[PDB]
């Protein structure tokens, strides 16, 4: 599959009309609701790989991200590299970790703790790492290593779980069509 894609991310995809094609490295979704979902395509084992995407992403008025999304097992962490988003900047009420430069833009970097929250191990305590692109875009390449390298200076581990190019929303409405490699 494109870029060795071998994984379909499907959390609550049933509220997001989530449809995919692993062989083509494509997916679509469309939403209008107040339930959280995270859907997309990628790799069952994460790495500091370059992720190329091309999207149409329409999330005006929506609490939504277009993002590289994944987890690390130990210390347990959930991470996002946000390329475009809707109404809600996730670094607004988080702890600031400065900025970094990657793939043509500055990213705002931040972190927060989720205590005893739904996670990949059921219910657990984990750290979120966010890089939020200052100049939003819908196509390009994410040099994931740049983000990993920076977050690792602030406690981020390297035992990668899954890693995908994702669309998440939790409020409002939108549509997306994404190609990944």
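Numbering follows the first chain given and starts at 1.
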Checklist entry - In the PDB record, does 87 to 95 or 74 to 82 carry the higher mean Cα temperature factor? => result 87 to 95
Checklist entry - Of 149 to 157 and 25 to 33, which one has the bigger average CA B-factor? => result 149 to 157
Checklist outcome for this item: The residue of 38, 68, 120, 41 with the maximal C-alpha B-factor according to the PDB record is 120
Item to check | Position of residue 181 among the chain's modelled residues by C-alpha B-factor, lowest, middle or highest third | outcome: highest
Checklist outcome for this item: Assert third(CA B-factor, residue 113) within chain per record equals highest
